[PDB]
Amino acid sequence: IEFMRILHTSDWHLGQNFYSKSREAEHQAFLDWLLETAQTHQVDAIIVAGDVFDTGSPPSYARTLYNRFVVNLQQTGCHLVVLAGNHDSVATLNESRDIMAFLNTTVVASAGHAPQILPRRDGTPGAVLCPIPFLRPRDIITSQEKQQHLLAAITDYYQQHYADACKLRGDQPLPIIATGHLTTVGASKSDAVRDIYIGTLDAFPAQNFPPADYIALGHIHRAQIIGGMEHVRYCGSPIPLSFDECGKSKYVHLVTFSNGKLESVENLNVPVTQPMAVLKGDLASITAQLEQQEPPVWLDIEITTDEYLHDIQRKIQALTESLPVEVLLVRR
C-alpha cells in the first residue's frame, strides 16, 4: 500500500565533444523528456549514477543544462540525487553541492557520505539510500596484491554503508537502495566506456555487493542485468555516446518498491532525437548504402582498407558531397 518510485539513469556525459559535434540538443530533449517522465510516473526521486559531465571542466552550455534541469525538476517535488562518476571532477560537482541542497538535490561526489532517508513526495520516509559515487582509490584505500586490496576496500566500504543503512532504517519497512559507478565482472562494455582502476581492479564481482533491495549502477553504457540479479542493474547512457551504441535502445529505469521491497523494474525508452549510422563495405557498397529527415544523420564510415588511409579520406570526402547528412568518423 506504500509505494516508492525512483528513476535510475547515469552516464549523461553532458558537454561531450563528439567528433566536433555538440550533444546539447539531444541532452536538452532528453532532460525535457526526463522531466515529463518524472511527472507521468509520479516519481519520488531520480538517481543519476555517475558521469554527469564528460569532463571536469564542462562548457557553460553543459553547466546550464544541468542547472536548468535541477530548477525545472522543482515543479515536480521529485528529489534528485547526483553522484560523481570517474569522468566527473569532485571539485566541480562540489561547487554547487550546498546550493543544490536548497533545491531538493543531493550532490554526492566523494566517498564517505552517510546513508540517507529518501522521502516520498509527501515528505515521509520512502527509502534508505546509500549514496555511493565512483570511489577513488585514494579515498578508500588503507595505508597503501594491490589488486586484492582495492577489491577488499570496495567490498568493505559497501558492507559498512549497508550496515549503517540498516541501522538508520531501524524497524521501518523501507527498501534499501545502494548505488555505484564501476565495472562489474561479466559486464558488456562499449567503446566509450573508459577503463577504470587501471592495474588495480579488472572488474568488481557483483556477488560482493550487499543485499540492498536495488543496486543502481552507472559507468557501463548498455543497460543490462548484472550477475543474473534483476535488482542489480546498469541503466546505460540515455543518448548514444559512441557509434557502436547507435541503433540500440536507450533506457532509464522506473523502479518501484512496495511494502519495503522491490516490486518492479520497468525499462523506459528514451526517444532518440539525432539519427546516427555506421556504414561498412566498399565504395560501391557505401554508395548504395548512402541512399535516402530534418535532423541530418551522423555517419561513421568503417570497413576493410581500400588503399592509403589518407587516400580513402579524399575518396569518401568526394563520394559524400551535397548530400543531406554529415560524416564524422572514417576508419579501417
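For every residue, the number given is its place in the sequence shown, counted from 1.
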Answer with none, 1 to 3, 4 to 9, or 10 or more: how many deposited residues between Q144 and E145 are not present in the coordinates. 4 to 9
In the deposited sequence, how many residues between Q292 and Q293 have no modelled coordinates (none, 1 to 3, 4 to 9, 10 or more)? 4 to 9
Looking at the deposited entry, does 71-79 or 157-165 carry the larger mean Cα B-factor? 71-79
Of 195-203 vs 223-231, the stretch with the larger average CA B-factor in the entry is 195-203
Would you mind checking which of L65, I47, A277, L268 has the top Cα temperature factor in the PDB entry? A277
Comparing C-alpha B-factors across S264, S285, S60, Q42 in this entry, the winner is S285
If you rank the chain by CA B-factor, which third does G170 end up in: lowest, middle or highest? highest
Relative to the other modelled residues of the same chain, rank the CA B-factor of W298 and answer lowest, middle or highest third. highest
By the recorded C-alpha temperature factor, relative to the other modelled residues in its chain, which third is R136 in? middle
Could you tell me which third, lowest, middle or highest, the C-alpha B-factor of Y308 occupies within its chain? highest
Lowest, middle or highest third: where is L323 by C-alpha B factor in its chain? highest
